[PDB]
Amino acid sequence: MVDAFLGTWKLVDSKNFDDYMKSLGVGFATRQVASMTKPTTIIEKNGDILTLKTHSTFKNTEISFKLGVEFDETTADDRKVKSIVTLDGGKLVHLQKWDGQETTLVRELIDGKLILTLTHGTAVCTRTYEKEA
Ligand SMILES: CCCCCC(=O)O
C-alpha cells in the first residue's frame, strides 16, 4: 500500500513554504535559512512500522509510526503535536494537532515525483521531491 513512497527523495521545487512557516509562527531567521535548504526525505518500512527521516544542513527530524495509530511528535519548529498518518486516495496524509490547531502534510505521487502539500490556516505550500537512485 505505501510501497511506492519508500526510498530517498530530494527537494527540487518549493512554492509558498515561507507562507506556511509564517502561518505556524516560525521566526524570520529560521524562515530565511529554511527557504534555501533542500532537504532529503527518507521513507522506510519494517513490517507495519514506517520511519520518515528529513535531513538538511539546518534541521533534521525523524518519526516512526504505524499507519492509523496516533503518535506524539515534536516538529522541526518545536511544536509538540498529536499526529496520525493514513493512506487516503493513494495519498499519504499526515495530520498534526496541537492547541486546537491542525496542519496537514499530504504526499501524492504524480508521474514518479512526490508532491508534498502543506496546509495550515489559509496557507498552502507545495513542495516537489524527486527520487534518488
Ligand atoms: C515544519 C516541517 C516542514 C517540512 C517540510 C518538508 O518536509 O519539505
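Position 1 is the first residue of the sequence, and the numbers go up from there.
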Quiz item: So, does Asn60 use its side chain to make a donor-acceptor pair with the main chain of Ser56 at under 3.5 Å?
Solution: yes

If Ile, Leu, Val, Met, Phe, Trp and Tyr residues are connected whenever their side-chain heavy atoms lie under 4.5 Å apart, and connections chain through other members, are [X] and [Y] in the same group?
X: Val2; Y: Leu109; value: yes
X: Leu87; Y: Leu50; value: yes
X: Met21; Y: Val81; value: yes
X: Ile84; Y: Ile49; value: no

Exercise. Determine the sole option in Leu114, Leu67, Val106 for which the side chain to side chain contact (heavy atoms under 4.5 Å, CB included) test with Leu92 is passed.
Key: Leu67

Practice problem: Keeping to residues at least two apart or across chains, list the salt bridge (charged side-chain N to carboxylate O under 4.0 Å, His left out) pairs with something in residues 124-133. | Solution: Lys113-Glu130

Exercise. Decide side-chain contact (heavy atoms from CB on, under 4.5 Å) for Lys45 and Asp3; before the verdict, give the C-alpha distance in whole Å, the side-chain angles of both, and the deciding distance to 0.1 Å.
Key: CA-CA 8 Å; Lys45 76 185 190 183; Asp3 298 275; 2.7 Å; yes

Value rounded to 0.5 Å, distance of [atom1] in [X] from [atom2] in [Y]:
X: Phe17; Y: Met36; atom1: CZ; atom2: CE; result: 13.5 Å
X: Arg79; Y: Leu24; atom1: CZ; atom2: CG; result: 4.5 Å
X: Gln96; Y: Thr103; atom1: CD; atom2: OG1; result: 6.0 Å

Quiz prompt | Any residue meeting side-chain contact (heavy atoms from CB on, under 4.5 Å) with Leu52, in chain and number order, not counting sequence neighbours | solution = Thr41, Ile43, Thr54, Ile63, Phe65, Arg107

Under 3.5 Å, side-chain donor or acceptor atoms of residues 117-124 against the rest of the protein: list the pairs with distances, not counting sequence neighbours.
residue : atom : partner : partner atom : Å
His120  : ND1  : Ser23   : O            : 3.4
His120  : ND1  : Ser23   : OG           : 2.7
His120  : NE2  : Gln101  : NE2          : 2.7

Quiz item: Could you give all pairs that pass the side chain to side chain donor-acceptor pair (under 3.5 Å) test and reach residues 25-34, with sequence neighbours left out?
Solution: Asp18-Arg31

In the structure I gave you, are the side-chain heavy atoms of [X] and [Y] within less than 4.5 Å of one another anywhere?
X: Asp77; Y: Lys59; value: no
X: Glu102; Y: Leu95; value: yes
X: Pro39; Y: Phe58; value: no

Practice problem: Please identify each residue that fulfils salt bridge (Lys or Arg N to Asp or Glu O under 4.0 Å) with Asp72, with sequence neighbours left out. | Solution: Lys82

Quiz item: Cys125 and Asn16: which non-hydrogen atoms are nearest, and at how many Å?
Solution: CB-O, 3.6 Å

N/O donor-acceptor pairs under 3.5 Å from side chains in residues 6-13, not counting sequence neighbours:
residue : atom : partner : partner atom : Å
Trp9    : NE1  : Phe5    : O            : 2.9
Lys10   : NZ   : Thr40   : OG1          : 2.7
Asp13   : OD2  : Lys15   : NZ           : 2.7

